[PDB]
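Visitor: One structure follows; several queries about it will come next.
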Amino acid sequence: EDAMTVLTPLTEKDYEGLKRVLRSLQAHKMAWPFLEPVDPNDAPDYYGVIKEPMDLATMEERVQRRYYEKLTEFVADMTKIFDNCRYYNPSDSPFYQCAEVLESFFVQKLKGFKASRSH
Ligand SMILES: CCNC(=O)Oc1ccc(-c2csnn2)cc1
């Protein structure tokens, strides 16, 4: 990550952009596995093997409360969603596939956000 991403505090205008990025992901057709915390009745071992769970509703709560001080911290929570999924599930499962698609979409939107900050 470049210096701006790591060091530049998030302003109120930056927060309007983060809200837009998050809503784009929540509306994506392949976001269904990630919208809410994993239900342990569906996956009884999940919370024994994933030490730091994350989901898009937790990120929305954090954005509303202004939890994030730097863009790097927002990117780290999002990346945890996808990395947790690829560690828990095998590479041929539909959950793994959804992580591949949605991470590529996140990178496209994140590049758009970074461009808009500087110019
Ligand atoms: C293997 C058990 N069968 C099953 O479908 O349970 C789940 C439920 C949710 C997830 C999930 C969503 S986000 N990443 N992991 C994975 C497995």
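Visitor: Could you please find all residues in the range 63-103 being surrounded by 12 or more Cβ atoms within 10 Å (Cβ to Cβ), small (G, A, S) and free of Cβ contacts under 8 Å to residues at least 12 places away in the same chain? Steps first, please.
Guide: Let us first name the residues in the range 63-103 that are surrounded by 12 or more Cβ atoms within 10 Å (Cβ to Cβ), namely 63, 67-68, 70-86, 88-89, 93, 95-103.
Among the residues that remain, those that are also small (G, A, S) are: 76, 93, 99.
Within the range 63-103, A76, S93 qualify.
Visitor: Could we say that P53 is in contact (Cβ under 8 Å) with a residue 24 or more places away in the chain and not in a loop (DSSP other than H, G, I, E, B) here? Before the answer, list the steps.
Guide: Values: in contact (Cβ under 8 Å) with a residue 24 or more places away in the chain: yes; not in a loop (DSSP other than H, G, I, E, B): no.
No; evaluated as a whole, the condition is false for this residue.
Visitor: So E60 clears everything in (1) of a type outside the set (A, V, I, L, M); (2) loosely packed, with under 14 Cβ neighbours inside 10 Å; (3) more than 20 Å from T5 (Cβ to Cβ); (4) under 14 Å from the mean Cα position of the chain (by Cα) except one condition, right? Which one?
Guide: Among (1) of a type outside the set (A, V, I, L, M); (2) loosely packed, with under 14 Cβ neighbours inside 10 Å; (3) more than 20 Å from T5 (Cβ to Cβ); (4) under 14 Å from the mean Cα position of the chain (by Cα), the lone unmet condition for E60 is (2).
Visitor: I'd like to check something: does the range 25-38 contain any residue that is surrounded by 13 or more Cβ atoms within 10 Å (Cβ to Cβ), more than 16 Å from the ligand (Cβ to nearest atom) and closer than 29 Å to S116 by Cα?
Guide: Within the range 25-38, not a single residue is surrounded by 13 or more Cβ atoms within 10 Å (Cβ to Cβ), more than 16 Å from the ligand (Cβ to nearest atom) and closer than 29 Å to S116 by Cα.
Visitor: Still on this model: Being touching a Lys or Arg at 6+ places or on another chain (Cβ under 9 Å) and either under 22 Å from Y88 (Cα atoms) or of a type outside the set (D, E) (or both) is the filter here, so list the residues in the range 12-52 that pass it.
Guide: Scanning the range 12-52 gives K13, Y15, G17, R20, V21, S24, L25, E52.
Visitor: Further question on the same structure: When residues of the range 3-43 are filtered for being more than 12 Å from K70 (Cα to Cα) and outside any helix (DSSP H, G or I), how many remain?
Guide: Adding up the residues that qualify gives 14.
Visitor: While we're on this one: Just checking, how many residues over the range 62-111 are in a helix (DSSP H, G or I) and of a type in the set (K, R)? Before the answer, list the steps.
Guide: The first filter runs over the range 62-111 and keeps only residues in a helix (DSSP H, G or I), leaving 62-64, 71-88, 94-111.
Subsequent filtering for residues that are of a type in the set (K, R) retains 62, 80, 86, 109, 111.
Here the count works out to 5.
Visitor: Next question. Looking at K80, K109 in this structure, which one is basic (K, R), touching a helix residue (DSSP H, G or I) at 6+ places or on another chain (Cβ under 9 Å) and under 30 Å from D42 (Cβ atoms)?
Guide: Values: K80 fails: touching a helix residue (DSSP H, G or I) at 6+ places or on another chain (Cβ under 9 Å).
Of the residues listed, the single one that is basic (K, R), touching a helix residue (DSSP H, G or I) at 6+ places or on another chain (Cβ under 9 Å) and under 30 Å from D42 (Cβ atoms) is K109.
Visitor: Evaluate the following for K109: is it of a type in the set (K, R), surrounded by 13 or more Cβ atoms within 10 Å (Cβ to Cβ) and within 13 Å of the chain's Cα centre (by Cα)?
Guide: Working: of a type in the set (K, R): yes; surrounded by 13 or more Cβ atoms within 10 Å (Cβ to Cβ): yes; within 13 Å of the chain's Cα centre (by Cα): yes.
Here the answer is yes, as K109 does meet what is asked.
Visitor: Any idea which of (1) more than 18 Å from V107 (Cα to Cα); (2) within 13 Å of the ligand (Cβ to nearest atom); (3) in contact with a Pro (Cβ under 8 Å, 6 or more places away or on another chain) is the one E69 doesn't satisfy?
Guide: (2)
Backbone-built Cβ (ideal geometry, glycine too); neighbour counts: all protein chains shown. No lab work stands behind these numbers, since they all come straight from the coordinates.
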